[PDB]
Amino acid sequence: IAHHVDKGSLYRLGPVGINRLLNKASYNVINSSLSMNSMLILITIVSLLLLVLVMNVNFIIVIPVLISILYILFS
Amino acid sequence: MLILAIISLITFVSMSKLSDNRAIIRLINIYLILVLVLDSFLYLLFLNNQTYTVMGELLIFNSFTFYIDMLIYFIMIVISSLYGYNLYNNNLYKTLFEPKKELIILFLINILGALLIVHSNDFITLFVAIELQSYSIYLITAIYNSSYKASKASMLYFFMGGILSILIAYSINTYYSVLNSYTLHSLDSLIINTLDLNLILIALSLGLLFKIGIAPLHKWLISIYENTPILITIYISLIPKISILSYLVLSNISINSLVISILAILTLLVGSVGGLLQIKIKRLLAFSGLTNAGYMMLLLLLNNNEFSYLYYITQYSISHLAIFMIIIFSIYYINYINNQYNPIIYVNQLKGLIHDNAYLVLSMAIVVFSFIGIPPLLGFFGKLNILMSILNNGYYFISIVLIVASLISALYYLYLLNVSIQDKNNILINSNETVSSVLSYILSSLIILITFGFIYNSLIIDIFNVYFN
Amino acid sequence: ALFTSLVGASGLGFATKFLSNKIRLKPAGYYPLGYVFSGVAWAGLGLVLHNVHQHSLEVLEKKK
Amino acid sequence: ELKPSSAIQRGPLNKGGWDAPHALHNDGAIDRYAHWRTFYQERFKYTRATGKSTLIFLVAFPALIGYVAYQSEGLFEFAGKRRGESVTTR
Amino acid sequence: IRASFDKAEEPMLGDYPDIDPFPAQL
Amino acid sequence: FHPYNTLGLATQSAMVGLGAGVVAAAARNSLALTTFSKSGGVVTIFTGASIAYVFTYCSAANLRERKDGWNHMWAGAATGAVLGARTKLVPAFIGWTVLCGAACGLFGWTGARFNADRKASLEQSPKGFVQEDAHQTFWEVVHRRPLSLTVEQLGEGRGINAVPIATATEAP
Amino acid sequence: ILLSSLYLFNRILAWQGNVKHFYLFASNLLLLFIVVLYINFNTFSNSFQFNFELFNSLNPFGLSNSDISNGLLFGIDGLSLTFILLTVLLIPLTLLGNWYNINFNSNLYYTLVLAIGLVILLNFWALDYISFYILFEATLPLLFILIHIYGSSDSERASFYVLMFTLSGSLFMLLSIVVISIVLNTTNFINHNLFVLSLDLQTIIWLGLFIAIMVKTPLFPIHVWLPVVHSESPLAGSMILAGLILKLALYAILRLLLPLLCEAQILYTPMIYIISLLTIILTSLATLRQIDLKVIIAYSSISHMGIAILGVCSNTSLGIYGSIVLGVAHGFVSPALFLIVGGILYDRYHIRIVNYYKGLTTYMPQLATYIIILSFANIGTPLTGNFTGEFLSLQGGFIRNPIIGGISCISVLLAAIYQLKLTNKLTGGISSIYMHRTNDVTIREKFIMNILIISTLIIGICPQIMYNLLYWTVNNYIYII
Amino acid sequence: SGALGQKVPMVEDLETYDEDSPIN
Ligand SMILES: CCCCCCCCCCC(CCCCCCCCCC)(CO[C@H]1O[C@@H](CO)[C@H](O[C@@H]2O[C@@H](CO)[C@H](O)[C@@H](O)[C@@H]2O)[C@@H](O)[C@@H]1O)CO[C@H]1O[C@@H](CO)[C@H](O[C@@H]2O[C@@H](CO)[C@H](O)[C@@H](O)[C@@H]2O)[C@@H](O)[C@H]1O
Ligand SMILES: CCCCC/C=C/C/C=C\CCCCCCCC(=O)O[C@H](COC(=O)CCCCCCCCCCCCCCC)COP(=O)([O-])OCC[N+](C)(C)C
Ligand SMILES: CCCCCCCCCCCCCCCCCC(=O)OC[C@H](COP(=O)(O)OCCN)OC(=O)CCCCCCCCCCCCCCCCC
């Protein structure tokens, strides 16, 4: 108990696991000052248009796409 | 008064020598103070929520815009004091903080642009004010042309602002093509039911919001904030946010918007998570600004958001000014000046500050715990009002996400205090030097406001009930 | 009570002056005339707020 | 050319106080054992044994107690129950 | 080393001596 | 409850995921025929997440004949299983499964929407104290509720009885 | 008065240089004042008595007599009075226990300590949700600073834990409080049992409130922050945290949760019993394999709080009275054990590893007697308040659910195991070779420990002496049709 | 250590080289 649960699993769903998760996610979001940003703005515009088209079609279908997008950006 | 100031100042700055910059800026500081105190009584016009359309239905005047206007003057007063007064009288600080010749005129013109954005009743006025603010803020970014990073920053800013301005102009013109009108006042419940304006209005909102840097288009603004002179960053990170957000709140064109909901969620997550791995002070503060802009974006999804938004924007302005001023003061105790535009850069450079100046760290603690939202500091009540609004309107998942984002951002807020209350080996023994009285008094006033504002909460709500109902 | 509001606002002014002295690495009573000045100014602001609030209450009651 | 003000005089941070005689004879082996036990969470990994204890205590035991506690809610009433009477309500 | 519970801990040590435990009573 | 057409909705989701992965691959290329070579499998990420989420959601909703957050919990579990298979480690697979399932279950519990359901929200609902004998709606409050409602909702026992004790045990 | 007293404070500071005498005097005056209040407190009434309001719009800086109440409400009944008396008893001892071991920035340290004590004392006076929450969070900055500056080696991680875990719970508490505010448009505790929310809304609000209670009590499985924060806190932080801040949780249940969400509480009670049985059994077992003194003492508190919770949600008068008495007895005993491990042994040897300690009886017989007495008190010897609390709590829990309470009766055994296993090694054997002889417990340490021992003994032999304040409370919250 | 305890002294966030440094 004291090791595997308390200093194991409870710390995983606690300070240590959260620390690792935040380290990875933060590294990914930080990971040609112009050309790149311009590509970003086009990609945002087109992605938003297509996402809203999907939402008009069926909102349930867009949830996995949003999940995958967040997986790209953070992971 | 603002136009008269701009005109006179152009004349004087033309006819004055480079050594008179600080005296001129002190002159304008006092002038703005005088206007704020002598012309404040015009609030009385707005009793019972009386609205006035002015200039042939181009400008709109109500209690809300009057308050935003006063707040913008207060911010300009504080910001101009940093340039009009020397922290210390040594050579180093003459090199560190010297005001450019035209800086004050640019500041006043950008303020005028912001006020015209706030009051805009018609799209032509909105676009002209947006372009006025955008141009002045480009130039403010670029006025310190000895800095490589500042010039690179101004160019990136020019291009991103130009693209967003074209998106905005396109949205305005599509609205014209569908309705043959340039005013939102022409819109009604019947019209919104009859026609699908959602696409146009959301494009306009997004074009405005990407200019203050909401995700996923944040990084260019954080880079600009990082690469500008510190006393420039104190300004350019604040005024555009206030003007654009206030306009959007007043207009209410994205109520229950699914796209704004998703983007506000994303902005909260990116602002909270992305600021964790930061080591530079100003990038940490810019991600702070991103998270707080998310908190304010949430208020664009609902009606009757005036109280929560005003309270939040005021307390945020005060906290933001105060934290920048504290970082500025802590410069005197660093042992390494990185360069003449950004003297302190890394969070770890504050290490052991409590041993050099205990009360500076006290003020730092107070402002940080306001940002986290510890009662009874102002930050707590700001978040409380926001939660009240969004839960009253059924944004349950967004409320859960807001909780989580405040938790996450507390980590890199406390990073500052953590390194600040650690211990440094070489501890100040003595010094003859005195920090300037005026800026220390201003910093103290901001700190005392953050600490003891809550005693006036019930009085404030009583006033609000008669000027905004 | 107006007197209590003035005392409180003056207390805020005294707090601001004290914090300003300490932030300058100076003794608490470094320039005692500044305490009077800041107390007077913050009492003025408190008085302004009090008058505005009283007027607001008057207006709310008059619509009855 | 950018250097802090010459006006500043910096001395050592001394913490003061009376250096007491050192009344404990530290044992390096005990200290290392203590450090390993104290920061065991930094090195925990999911294996068959560790996963087994996790799934027992965090899942199986709570499920057992939950079944008991929701199955037996309101079941018993004992106060002054007499002969022949049911101590069970359902 | 000898007992199952000590063996369970072997992945969880990094750079700590894997000691064979002997009952101090024996 | 009338069924979701699991097969069709899953097919449309496959199409949407494939297109989205294509767009992400094109972007990825532009930001860095090699686009799919240097894709990092993002097309597969999108396609698998889409199929898993939609198929599991419709499957669970049809089987339970209910529409609520639990279906989203299952669907998030499946999506996390897909995303955590990429780690090729059992602990990480289990962690992705359970945590993505929990996050999506929370999402489905709050309404499975990012914006609000305006008509159900408090601002657009009957609130305050109810009138004479009206039925309680979600946001309304009273001073006394009907004892039959208590007995039905909470259930008999543990001090919950149809009649107050003192009244029931009164002698005549 | 305030102006003059401020002048007195300033002059004492300028001349003496160490505020700590002034703070001790002040806290003693506060204790005397609360006792005067108890004298003048009417016990034949279930109404809040010493009411006052702050930050009302008509008088922001004074007390309000207006016909509209938009400020923050304060007042006390018997339940608040009990914990207030406990608080004012504990504060001067908290100041005194660090009278000599703080030799740097000492004025700041004592200021933080006294401020935290005053914040908790005021928190017990709060009469509405918003002020309760305000004073409930106001400690976290002070605890963070105190632990970070005056803590042991691992104090940075301790400070971050104590801030983050409590914020995490408090924000869900804030969600529940915001829902109540916007649904009722009222926040007070005076008449909040008069509002009968729909069962579904009750079930939803209860979740946020109980998440806050889980983090703050703590309860399994989110208790892991407490052992850290305790072990690296300085002595005053540990004593305050163990003796008052945990009881804030129990007071939170009784004041905020039970009167408002009665039916939802009835629905959720078996889940509470699951969580409490978990915390008791599992934390008591985990205590067996700890090697740090302060960590073991910290783990004891969690189990005793689990028994307290089992008592307080039992829906019986005996259960609630037992929970209160157990809270008070724990506030007496746990600070004493923390005094021992973190102020006597730690200040003499500056180590907390258990292996170093052995056979302390030979050189320090008095300290050994104190350890024996306090440990038998902690495990629940009768004629100690701890036994009365655990016994009454277990009665209530057994009535509410016979199986769960019957199993919970194993806490007596488990507590005996860990505590006596510790004290066995500490007191006996041959004096340790690793440490040298030091002084026995001094007059100050003995004074503090005697205060705590006599308090727990007094309420242990005649627990009835608390009833005059609590006989309304034991009926104010039970929900029987 | 950083706000997550990570090591602290390329992406612009962690880039340390300073084109505005007086020695460059
Ligand atoms: C502390 C932990 C926080 C986590 C828990 C928060 C989650 C809240 C869930 C509870 C709740 C909001 C309550 C908010 C209260 C305060 C918020 C608390 C703080 C916010 C953080 C969300 O209820 C959602 O539950 C989801 C299922 O899980 C549904 O998912 C979706 O299901 C499918 C679509 O039909 C789709 O397939 C898909 O879109 C999803 O699958 C949603 O449709 C549904 O809105 C319930 O709200 C609603 O409840 C109903 C009847 O209850 C009320 O109307 C009632 O009408 C009669 C009967 O109808 C009654 O006779 C009448 O009396 C009453 O008028 C409403 O007025 C409204 O109020
Ligand atoms: C002698 C003239 C000097 C006046 C100069 C004013 C400068 C403004 C500069 C900065 C804004 C700083 C704080 C603004 C206060 C809000 C006033 C108000 O009551 O807000 C209401 C509207 O409430 C709201 O929406 C919410 C406002 C959010 C405030 C957040 C901070 C609260 C804590 C501040 C405590 C005040 C410090 C007093 C210390 C003794 C507008 O009131 P109103 O439009 O009727 O104008 C007031 C009459 N007046 C023109 C004569 C002054
Ligand atoms: C920073 C955290 C957030 C801060 C939020 C709140 C800050 C409040 C600041 C402390 C001020 C509260 C204490 C003083 C208020 C009470 C003064 C008083 O006069 O009591 C009123 C009450 C009724 O008196 P009355 O109606 O006038 O009739 C008298 C008949 N002879 O008379 C009575 O019944 C006596 C009441 C006794 C009250 C005991 C209070 C215990 C602690 C006192 C000092 C606490 C200071 C806290 C400092 C840390 C900040 C929390």
# chains A, B, ... in the order shown; residues from 1 in each chain; ligands from 1
$ closest_atom_pairs --of "chain F" --to "ligand 1" --cutoff "9 Å" --atoms "only C-alpha atoms and all ligand atoms" --output "CSV"
residue,atom,partner,partner_atom_place_in_ligand_line,distance
F:61,CA,ligand 1,37 (O),8.3
F:66,CA,ligand 1,37 (O),7.9
F:67,CA,ligand 1,37 (O),4.2
F:68,CA,ligand 1,41 (O),3.6
F:69,CA,ligand 1,28 (O),3.9
F:70,CA,ligand 1,28 (O),6.9
F:71,CA,ligand 1,41 (O),7.1
F:72,CA,ligand 1,41 (O),7.1
F:105,CA,ligand 1,28 (O),8.2
F:106,CA,ligand 1,4 (C),6.6
F:107,CA,ligand 1,28 (O),8.4
F:108,CA,ligand 1,28 (O),5.4
F:109,CA,ligand 1,28 (O),3.6
F:110,CA,ligand 1,7 (C),3.9
F:111,CA,ligand 1,42 (C),3.8
F:112,CA,ligand 1,40 (C),4.9
F:113,CA,ligand 1,39 (O),6.7
F:117,CA,ligand 1,45 (O),7.1
F:119,CA,ligand 1,67 (O),7.9
F:120,CA,ligand 1,67 (O),4.5
F:121,CA,ligand 1,69 (O),6.1
F:122,CA,ligand 1,69 (O),7.1
F:125,CA,ligand 1,67 (O),6.8
F:126,CA,ligand 1,65 (O),8.0
F:135,CA,ligand 1,63 (O),7.5
F:136,CA,ligand 1,63 (O),5.7
F:137,CA,ligand 1,63 (O),3.1
F:138,CA,ligand 1,64 (C),4.2
F:139,CA,ligand 1,67 (O),6.5
F:140,CA,ligand 1,63 (O),8.3
$ write_last_selection --atoms "N, CA and C atoms" --output "PDB file, in the first residue's frame"
ATOM      1  N   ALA F  61     -24.623   3.749 -27.454  1.00  0.00           N
ATOM      2  CA  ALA F  61     -25.930   4.388 -27.385  1.00  0.00           C
ATOM      3  C   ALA F  61     -27.030   3.437 -27.838  1.00  0.00           C
ATOM      4  N   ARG F  66     -30.010   4.485 -24.501  1.00  0.00           N
ATOM      5  CA  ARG F  66     -29.992   5.740 -23.771  1.00  0.00           C
ATOM      6  C   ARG F  66     -29.055   6.705 -24.485  1.00  0.00           C
ATOM      7  N   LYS F  67     -29.238   7.993 -24.209  1.00  0.00           N
ATOM      8  CA  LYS F  67     -28.327   9.029 -24.679  1.00  0.00           C
ATOM      9  C   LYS F  67     -27.933   9.892 -23.491  1.00  0.00           C
ATOM     10  N   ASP F  68     -26.679   9.785 -23.078  1.00  0.00           N
ATOM     11  CA  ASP F  68     -26.177  10.471 -21.891  1.00  0.00           C
ATOM     12  C   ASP F  68     -24.655  10.489 -21.972  1.00  0.00           C
ATOM     13  N   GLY F  69     -24.011  10.887 -20.875  1.00  0.00           N
ATOM     14  CA  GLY F  69     -22.565  11.022 -20.870  1.00  0.00           C
ATOM     15  C   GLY F  69     -21.811   9.710 -20.899  1.00  0.00           C
ATOM     16  N   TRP F  70     -22.440   8.620 -20.453  1.00  0.00           N
ATOM     17  CA  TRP F  70     -21.750   7.336 -20.381  1.00  0.00           C
ATOM     18  C   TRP F  70     -21.299   6.870 -21.758  1.00  0.00           C
ATOM     19  N   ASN F  71     -22.116   7.129 -22.778  1.00  0.00           N
ATOM     20  CA  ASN F  71     -21.732   6.787 -24.138  1.00  0.00           C
ATOM     21  C   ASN F  71     -20.468   7.533 -24.541  1.00  0.00           C
ATOM     22  N   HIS F  72     -20.395   8.824 -24.204  1.00  0.00           N
ATOM     23  CA  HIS F  72     -19.185   9.590 -24.473  1.00  0.00           C
ATOM     24  C   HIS F  72     -18.005   9.064 -23.678  1.00  0.00           C
ATOM     25  N   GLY F 105     -16.111  11.474 -20.593  1.00  0.00           N
ATOM     26  CA  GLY F 105     -17.286  11.253 -19.770  1.00  0.00           C
ATOM     27  C   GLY F 105     -17.710  12.508 -19.040  1.00  0.00           C
ATOM     28  N   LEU F 106     -16.736  13.273 -18.553  1.00  0.00           N
ATOM     29  CA  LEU F 106     -17.035  14.589 -18.002  1.00  0.00           C
ATOM     30  C   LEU F 106     -17.670  15.482 -19.054  1.00  0.00           C
ATOM     31  N   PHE F 107     -17.112  15.475 -20.264  1.00  0.00           N
ATOM     32  CA  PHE F 107     -17.664  16.286 -21.343  1.00  0.00           C
ATOM     33  C   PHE F 107     -19.108  15.909 -21.641  1.00  0.00           C
ATOM     34  N   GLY F 108     -19.390  14.612 -21.762  1.00  0.00           N
ATOM     35  CA  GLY F 108     -20.749  14.174 -22.021  1.00  0.00           C
ATOM     36  C   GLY F 108     -21.686  14.443 -20.864  1.00  0.00           C
ATOM     37  N   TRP F 109     -21.163  14.428 -19.641  1.00  0.00           N
ATOM     38  CA  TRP F 109     -21.993  14.700 -18.476  1.00  0.00           C
ATOM     39  C   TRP F 109     -22.484  16.142 -18.487  1.00  0.00           C
ATOM     40  N   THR F 110     -21.599  17.088 -18.809  1.00  0.00           N
ATOM     41  CA  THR F 110     -21.969  18.496 -18.829  1.00  0.00           C
ATOM     42  C   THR F 110     -22.919  18.845 -19.964  1.00  0.00           C
ATOM     43  N   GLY F 111     -23.104  17.959 -20.935  1.00  0.00           N
ATOM     44  CA  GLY F 111     -24.039  18.223 -22.009  1.00  0.00           C
ATOM     45  C   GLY F 111     -23.510  17.848 -23.374  1.00  0.00           C
ATOM     46  N   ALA F 112     -22.267  17.369 -23.421  1.00  0.00           N
ATOM     47  CA  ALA F 112     -21.607  17.000 -24.673  1.00  0.00           C
ATOM     48  C   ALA F 112     -21.598  18.167 -25.654  1.00  0.00           C
ATOM     49  N   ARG F 113     -21.547  19.383 -25.120  1.00  0.00           N
ATOM     50  CA  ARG F 113     -21.497  20.577 -25.945  1.00  0.00           C
ATOM     51  C   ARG F 113     -20.441  21.517 -25.398  1.00  0.00           C
ATOM     52  N   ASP F 117     -26.625  24.952 -24.024  1.00  0.00           N
ATOM     53  CA  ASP F 117     -28.016  24.729 -24.406  1.00  0.00           C
ATOM     54  C   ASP F 117     -28.821  25.856 -23.783  1.00  0.00           C
ATOM     55  N   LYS F 119     -31.917  27.106 -23.946  1.00  0.00           N
ATOM     56  CA  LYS F 119     -33.271  27.009 -23.413  1.00  0.00           C
ATOM     57  C   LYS F 119     -33.293  26.333 -22.049  1.00  0.00           C
ATOM     58  N   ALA F 120     -32.364  25.412 -21.801  1.00  0.00           N
ATOM     59  CA  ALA F 120     -32.322  24.715 -20.523  1.00  0.00           C
ATOM     60  C   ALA F 120     -31.583  25.491 -19.443  1.00  0.00           C
ATOM     61  N   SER F 121     -30.811  26.504 -19.820  1.00  0.00           N
ATOM     62  CA  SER F 121     -29.971  27.223 -18.879  1.00  0.00           C
ATOM     63  C   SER F 121     -30.815  27.991 -17.867  1.00  0.00           C
ATOM     64  N   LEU F 122     -30.178  28.355 -16.753  1.00  0.00           N
ATOM     65  CA  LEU F 122     -30.907  29.014 -15.676  1.00  0.00           C
ATOM     66  C   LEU F 122     -31.470  30.352 -16.124  1.00  0.00           C
ATOM     67  N   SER F 125     -34.911  29.973 -17.790  1.00  0.00           N
ATOM     68  CA  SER F 125     -35.728  28.944 -17.176  1.00  0.00           C
ATOM     69  C   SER F 125     -36.566  29.526 -16.051  1.00  0.00           C
ATOM     70  N   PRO F 126     -37.675  28.875 -15.704  1.00  0.00           N
ATOM     71  CA  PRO F 126     -38.452  29.325 -14.545  1.00  0.00           C
ATOM     72  C   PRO F 126     -37.671  29.082 -13.265  1.00  0.00           C
ATOM     73  N   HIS F 135     -45.695  21.717  -9.684  1.00  0.00           N
ATOM     74  CA  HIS F 135     -44.621  20.737  -9.657  1.00  0.00           C
ATOM     75  C   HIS F 135     -43.267  21.427  -9.698  1.00  0.00           C
ATOM     76  N   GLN F 136     -42.313  20.878  -8.956  1.00  0.00           N
ATOM     77  CA  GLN F 136     -40.973  21.439  -8.963  1.00  0.00           C
ATOM     78  C   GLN F 136     -40.243  21.160 -10.260  1.00  0.00           C
ATOM     79  N   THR F 137     -39.761  22.222 -10.881  1.00  0.00           N
ATOM     80  CA  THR F 137     -38.841  22.068 -11.985  1.00  0.00           C
ATOM     81  C   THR F 137     -37.423  22.295 -11.490  1.00  0.00           C
ATOM     82  N   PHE F 138     -36.475  21.972 -12.364  1.00  0.00           N
ATOM     83  CA  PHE F 138     -35.083  21.794 -11.974  1.00  0.00           C
ATOM     84  C   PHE F 138     -34.530  22.994 -11.214  1.00  0.00           C
ATOM     85  N   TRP F 139     -34.834  24.201 -11.670  1.00  0.00           N
ATOM     86  CA  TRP F 139     -34.225  25.388 -11.090  1.00  0.00           C
ATOM     87  C   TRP F 139     -35.066  26.039 -10.005  1.00  0.00           C
ATOM     88  N   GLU F 140     -36.249  25.515  -9.720  1.00  0.00           N
ATOM     89  CA  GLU F 140     -37.145  26.171  -8.784  1.00  0.00           C
ATOM     90  C   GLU F 140     -36.952  25.652  -7.367  1.00  0.00           C
TER      91      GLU F 140
END
$ interface_residues --of "chain A" --to "chain F" --cutoff "7 Å" --atoms "only C-alpha atoms" --output "VMD selection string"
chain A and resid 36 61 64 to 65 68
$ write_last_selection --atoms "N, CA and C atoms" --output "short mmCIF file (atom, residue, chain, number, x, y, z; two decimals), in the first residue's frame"
data_model
loop_
_atom_site.label_atom_id
_atom_site.label_comp_id
_atom_site.auth_asym_id
_atom_site.auth_seq_id
_atom_site.Cartn_x
_atom_site.Cartn_y
_atom_site.Cartn_z
N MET A 36 6.30 31.59 -41.46
CA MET A 36 5.67 30.58 -40.62
C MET A 36 4.35 31.08 -40.05
N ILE A 61 -19.54 13.94 -35.24
CA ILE A 61 -18.39 13.57 -36.05
C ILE A 61 -17.20 14.49 -35.81
N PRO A 64 -14.13 13.72 -32.52
CA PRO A 64 -12.83 13.06 -32.71
C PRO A 64 -11.83 13.92 -33.43
N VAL A 65 -12.29 14.77 -34.36
CA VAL A 65 -11.36 15.63 -35.08
C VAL A 65 -10.74 16.65 -34.14
N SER A 68 -8.20 14.86 -32.04
CA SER A 68 -6.98 14.63 -32.79
C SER A 68 -6.18 15.92 -32.96
#
$ select_by_dssp --residues "segment 4-68 of chain D" --states "strand (DSSP E)" --output "PyMOL selection string"
chain D and resi 8-12
$ write_last_selection --atoms "C-alpha atoms" --output "mmCIF file, in the first residue's frame"
data_model
loop_
_atom_site.group_PDB
_atom_site.id
_atom_site.type_symbol
_atom_site.label_atom_id
_atom_site.label_comp_id
_atom_site.auth_asym_id
_atom_site.auth_seq_id
_atom_site.Cartn_x
_atom_site.Cartn_y
_atom_site.Cartn_z
ATOM 1 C CA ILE D 8 25.532 49.699 -3.982
ATOM 2 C CA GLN D 9 27.519 47.918 -1.257
ATOM 3 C CA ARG D 10 26.847 44.196 -0.990
ATOM 4 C CA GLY D 11 27.888 42.050 1.932
ATOM 5 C CA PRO D 12 27.406 38.435 2.923
#
$ closest_atom_pairs --of "chain D" --to "chain G" --cutoff "10 Å" --atoms "only C-alpha atoms" --output "JSON lines"
{"residue": "D:14", "atom": "CA", "partner": "G:104", "partner_atom": "CA", "distance": 10.0}
{"residue": "D:15", "atom": "CA", "partner": "G:104", "partner_atom": "CA", "distance": 6.8}
{"residue": "D:16", "atom": "CA", "partner": "G:103", "partner_atom": "CA", "distance": 7.6}
{"residue": "D:17", "atom": "CA", "partner": "G:103", "partner_atom": "CA", "distance": 6.4}
{"residue": "D:18", "atom": "CA", "partner": "G:103", "partner_atom": "CA", "distance": 9.4}
{"residue": "D:20", "atom": "CA", "partner": "G:348", "partner_atom": "CA", "distance": 9.5}
{"residue": "D:22", "atom": "CA", "partner": "G:349", "partner_atom": "CA", "distance": 7.9}
{"residue": "D:23", "atom": "CA", "partner": "G:436", "partner_atom": "CA", "distance": 5.3}
{"residue": "D:24", "atom": "CA", "partner": "G:435", "partner_atom": "CA", "distance": 4.3}
{"residue": "D:25", "atom": "CA", "partner": "G:434", "partner_atom": "CA", "distance": 4.9}
{"residue": "D:26", "atom": "CA", "partner": "G:434", "partner_atom": "CA", "distance": 6.9}
{"residue": "D:27", "atom": "CA", "partner": "G:434", "partner_atom": "CA", "distance": 7.7}
{"residue": "D:30", "atom": "CA", "partner": "G:355", "partner_atom": "CA", "distance": 7.5}
{"residue": "D:31", "atom": "CA", "partner": "G:353", "partner_atom": "CA", "distance": 8.3}
{"residue": "D:33", "atom": "CA", "partner": "G:291", "partner_atom": "CA", "distance": 9.8}
{"residue": "D:34", "atom": "CA", "partner": "G:353", "partner_atom": "CA", "distance": 7.0}
{"residue": "D:35", "atom": "CA", "partner": "G:353", "partner_atom": "CA", "distance": 9.9}
{"residue": "D:37", "atom": "CA", "partner": "G:291", "partner_atom": "CA", "distance": 8.0}
{"residue": "D:38", "atom": "CA", "partner": "G:291", "partner_atom": "CA", "distance": 8.5}
{"residue": "D:57", "atom": "CA", "partner": "G:282", "partner_atom": "CA", "distance": 8.5}
{"residue": "D:58", "atom": "CA", "partner": "G:221", "partner_atom": "CA", "distance": 8.4}
{"residue": "D:61", "atom": "CA", "partner": "G:278", "partner_atom": "CA", "distance": 8.5}
{"residue": "D:62", "atom": "CA", "partner": "G:274", "partner_atom": "CA", "distance": 7.0}
{"residue": "D:63", "atom": "CA", "partner": "G:274", "partner_atom": "CA", "distance": 9.1}
{"residue": "D:64", "atom": "CA", "partner": "G:274", "partner_atom": "CA", "distance": 9.4}
{"residue": "D:65", "atom": "CA", "partner": "G:274", "partner_atom": "CA", "distance": 6.0}
{"residue": "D:66", "atom": "CA", "partner": "G:274", "partner_atom": "CA", "distance": 6.1}
{"residue": "D:67", "atom": "CA", "partner": "G:274", "partner_atom": "CA", "distance": 9.5}
{"residue": "D:68", "atom": "CA", "partner": "G:403", "partner_atom": "CA", "distance": 8.1}
{"residue": "D:69", "atom": "CA", "partner": "G:270", "partner_atom": "CA", "distance": 5.5}
{"residue": "D:70", "atom": "CA", "partner": "G:270", "partner_atom": "CA", "distance": 6.2}
{"residue": "D:71", "atom": "CA", "partner": "G:270", "partner_atom": "CA", "distance": 9.6}
{"residue": "D:72", "atom": "CA", "partner": "G:401", "partner_atom": "CA", "distance": 7.5}
{"residue": "D:73", "atom": "CA", "partner": "G:401", "partner_atom": "CA", "distance": 6.9}
{"residue": "D:74", "atom": "CA", "partner": "G:401", "partner_atom": "CA", "distance": 7.6}
{"residue": "D:75", "atom": "CA", "partner": "G:401", "partner_atom": "CA", "distance": 8.4}
{"residue": "D:76", "atom": "CA", "partner": "G:402", "partner_atom": "CA", "distance": 7.3}
{"residue": "D:77", "atom": "CA", "partner": "G:399", "partner_atom": "CA", "distance": 8.1}
{"residue": "D:78", "atom": "CA", "partner": "G:399", "partner_atom": "CA", "distance": 8.3}
{"residue": "D:79", "atom": "CA", "partner": "G:399", "partner_atom": "CA", "distance": 9.1}
$ residues_around --residues "residue 129 of chain F" --least-positions-apart "4" --cutoff "10 Å" --atoms "only C-alpha atoms" --output "ChimeraX atom specification"
/F:136,139-143 /G:184,195-197
$ interface_residues --of "chain B" --to "chain H" --cutoff "6 Å" --atoms "only C-alpha atoms" --output "compact mmCIF listing (two decimals) with N, CA, C and O atoms, in the first residue's frame"
# COMPACT_ATOMS: atom_id res chain seq x y z
N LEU B 276 3.97 27.01 -18.72
CA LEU B 276 4.61 26.28 -17.64
C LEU B 276 6.11 26.17 -17.85
O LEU B 276 6.89 26.38 -16.91
N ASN B 339 20.75 43.81 -21.47
CA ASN B 339 20.95 44.83 -22.50
C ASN B 339 20.14 46.05 -22.12
O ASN B 339 19.47 46.07 -21.08
N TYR B 412 2.85 28.52 -12.83
CA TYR B 412 3.84 29.48 -13.30
C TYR B 412 3.59 30.88 -12.75
O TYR B 412 4.43 31.76 -12.95
N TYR B 415 5.81 30.33 -9.65
CA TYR B 415 7.22 30.22 -9.99
C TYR B 415 7.96 31.51 -9.64
O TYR B 415 9.06 31.49 -9.07
